Amino acid sequence: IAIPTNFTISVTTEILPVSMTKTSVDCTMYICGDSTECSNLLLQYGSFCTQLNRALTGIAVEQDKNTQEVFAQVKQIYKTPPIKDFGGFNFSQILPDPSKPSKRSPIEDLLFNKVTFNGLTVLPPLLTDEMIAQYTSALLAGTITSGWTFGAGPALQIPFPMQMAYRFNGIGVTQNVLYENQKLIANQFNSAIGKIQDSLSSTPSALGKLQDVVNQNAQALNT
Amino acid sequence: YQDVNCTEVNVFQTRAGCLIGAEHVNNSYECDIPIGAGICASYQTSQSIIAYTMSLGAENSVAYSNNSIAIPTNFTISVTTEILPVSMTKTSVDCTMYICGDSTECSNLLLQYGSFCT
Amino acid sequence: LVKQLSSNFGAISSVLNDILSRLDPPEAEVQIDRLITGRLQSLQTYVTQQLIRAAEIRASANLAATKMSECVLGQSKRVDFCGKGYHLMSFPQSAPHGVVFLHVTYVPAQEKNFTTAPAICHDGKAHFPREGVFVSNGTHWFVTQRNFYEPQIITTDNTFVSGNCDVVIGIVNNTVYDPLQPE
Amino acid sequence: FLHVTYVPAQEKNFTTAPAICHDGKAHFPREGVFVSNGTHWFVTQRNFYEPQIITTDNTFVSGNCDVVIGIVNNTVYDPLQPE
Ligand SMILES: *[C@@H]1O[C@H](CO)[C@@H](O)[C@H](O)[C@H]1NC(C)=O
Ligand SMILES: *[C@@H]1O[C@H](CO)[C@@H](O)[C@H](O)[C@H]1NC(C)=O
Ligand SMILES: *[C@@H]1O[C@H](CO)[C@@H](O)[C@H](O)[C@H]1NC(C)=O
Ligand SMILES: *[C@@H]1O[C@H](CO)[C@@H](O)[C@H](O)[C@H]1NC(C)=O
Ligand SMILES: *[C@@H]1O[C@H](CO)[C@@H](O)[C@H](O)[C@H]1NC(C)=O
Ligand SMILES: *[C@@H]1O[C@H](CO)[C@@H](O)[C@H](O)[C@H]1NC(C)=O
């Protein structure tokens, strides 16, 4: 039998879309733009226009619904303490930056930077980017200050090393390992976060799962 | 009016377009009727229609220390409903009857189109 | 779909018998061809819409089957999969074209705050809680659960020793008595 | 998402045994594996090598010494006897 004598902690990335760009089309304008004769001829075809408009409106409302479903899961807004003291851990890469005009993390800023009239229009999303960022920051503050309790009831506070010890206990490893390798584990966690920050860019094949959505929408409109 | 300023057409300007018939409010509440770009409207009192910015909910900070914990002392058992559609209404058609109901020549003309019906 | 039969699609009429009871076959066939094109297109789009809706209904039915199997026949540990809170059990009910689940959960209500410590040093060796967390009201130290406050007296069966008192950060001195010592 | 995981790093080979016979009674570990370095027998958890002395509190007795296959003989320490 073989038994490991040392371990590593690592961090990975997972990208997956939630919504696409909603749109709408004016059937009569697109087909017979400003022509009474053409409209009169089109009147002899039934309810194709109404069917298409209903379908498009359903699509748009579904897009808003699924964005809301993904993000708005908690109502109360939490905030991180002004003093950053988590026993050696460093969340500066993921927490929002107040100095920025948009209160979003450096990683979010890099992700935002990396991604680039015949009756057809484009409608704006109901939920805005600042609101989405506020949701994300609230979730992050809740999970860093409470654990899993804020998703099952009233948020209760626990020290972060103790939360980490419980999560070690959740995979069959006793808590003394954390309690006597705290410094090393914190160093490895911070280094891994920095590595992700570096490696997120410098590769033009990571945000393809979103670039393809943008390209497909643009190509459909173009054709 | 969608995607136009209040010049071509009480009167208020929004991120989505020109809004006529509502009074803007500095306060924020929970969304009732979505409008766009974070704006919503609802019918609240003198009854009228008011447009306001969406609010995510009540702000709540937790007193995080480094040697303090919080432990529950009393519980609560609750019940919630979940609803899920399972089946749709099943139907079927007779293509030739629907297209050429009781017309031999019409059915003969339809025969020149292939296996669409099947 | 039913109402789509009243549109002439460009012909002289929208009723087949009247169309064929006034004209010769050479032109009745043109008119009939126009109507059959229109009606075939309408039927085609109806069928396509029905297929696309059937796909979504099937996805919902699969989700319902999974939920029934995993939360009516057993207790689930997937959070927010069968109601908000720690799931206990659930009941199914019938409905037109669907089901209804009555999830039964468990929600803590009243919280009070204390002070903690990752370890307890007794005689130069550290102590850790076997299950639960060390708590104190300021004058005495207890060990309790993590979801329902119930203090217990610290002793040698609630804790296990590991290492010394010079490695853990935040350790606190306290007595830990042996139950077999008074006897 | 930025998932955070745990991965073992460095392995070593050991000799194991399903059970240990002490006084005509078999012993099984409550949580862990019976491992030996070639001289002594210890019990340790599965995802982090940490040996400790086989006592009467970390194991439980069940059955006889002639049913299980691969059982070995050793000494089971008793904690309350020195006290
Ligand atoms: C175990 O491996 C981890 C992963 O790099 C490292 O942080 C730690 O220093 C290693 N332990 C040693 C070398 O004792
Ligand atoms: C945390 O990380 C930031 C940037 O990665 C660094 O400037 C800072 O010194 C680190 N430590 C603390 C305590 O903020
Ligand atoms: C509409 O009016 C606003 C101000 O009322 C102005 O900023 C904007 O440029 C105008 N747009 C058009 C298309 O006239
Ligand atoms: C953190 O815990 C240590 C443990 O002794 C304590 O000295 C300190 O005051 C606490 N707070 C901070 C901000 O370090
Ligand atoms: C818990 O709450 C119930 C009602 O919600 C109350 O009757 C009961 O007394 C409470 N328990 C305690 C210990 O106060
Ligand atoms: C705990 O007790 C030991 C021995 O009496 C002592 O050396 C140590 O300083 C004590 N801890 C604190 C925090 O005073």
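Chain C uses Swiss-Prot numbers throughout; the residues present, in order, are 962-1144.
Looks like electron microscopy, 3.3 Å, at least that's what the header says.
Cβ coordinates come from backbone N, Cα and C, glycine included.
Copied over from Swiss-Prot:
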DISULFID  C:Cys1032-C:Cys1043  disulfide bond
CARBOHYD  C:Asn1074  N-linked glycosylation site
DISULFID  C:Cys1082-C:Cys1126  disulfide bond
CARBOHYD  C:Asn1098  N-linked glycosylation site
CARBOHYD  C:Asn1134  N-linked glycosylation site
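A map of Swiss-Prot features onto the structure.
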| residue | record | Cβ contacts under 8 Å, 6 or more apart |
| --- | --- | --- |
| C:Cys1032 | disulfide bond | C:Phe1042, C:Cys1043, C:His1048, C:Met1050, C:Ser1051, C:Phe1062, C:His1064 |
| C:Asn1074 | N-linked glycosylation site | none |
| C:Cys1082 | disulfide bond | C:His1088, C:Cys1126, C:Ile1132, C:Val1133, C:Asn1134, C:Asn1135 |
| C:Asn1098 | N-linked glycosylation site | C:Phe1075 |
Margin query: My list of recorded positions is C:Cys1032, C:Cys1082, C:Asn1098, C:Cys1126, C:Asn1134; which of them have a Cβ under 8 Å from any chain B Cβ, in sequence order?
Written below: none
Next item on the list: With H, G and I counted as helix, E and B as strand and the rest as coil, say where DSSP puts C:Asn1134 (N-linked glycosylation site).
Entry: strand
Next item on the list: Run through the Cβ atoms and count how many others sit within 10 Å of the one on C:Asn1134 (N-linked glycosylation site).
Entry: 10
Item checked: Coarse DSSP state, helix versus strand versus coil, of C:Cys1032 (disulfide bond) -> helix
Margin query: Using other CB atoms within 10 angstroms as the count, which residue among the disulfide-bonded residues C:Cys1043, C:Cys1126 scores least?
Written below: C:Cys1126
Item checked: C:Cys1126 (disulfide bond): secondary structure state under DSSP, collapsed to three categories -> coil
Check: Where the criterion is a Cβ under 6 Å from an atom of ligand 6, which of the recorded positions C:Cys1032, C:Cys1126, C:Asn1134 meet it?
Finding: C:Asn1134
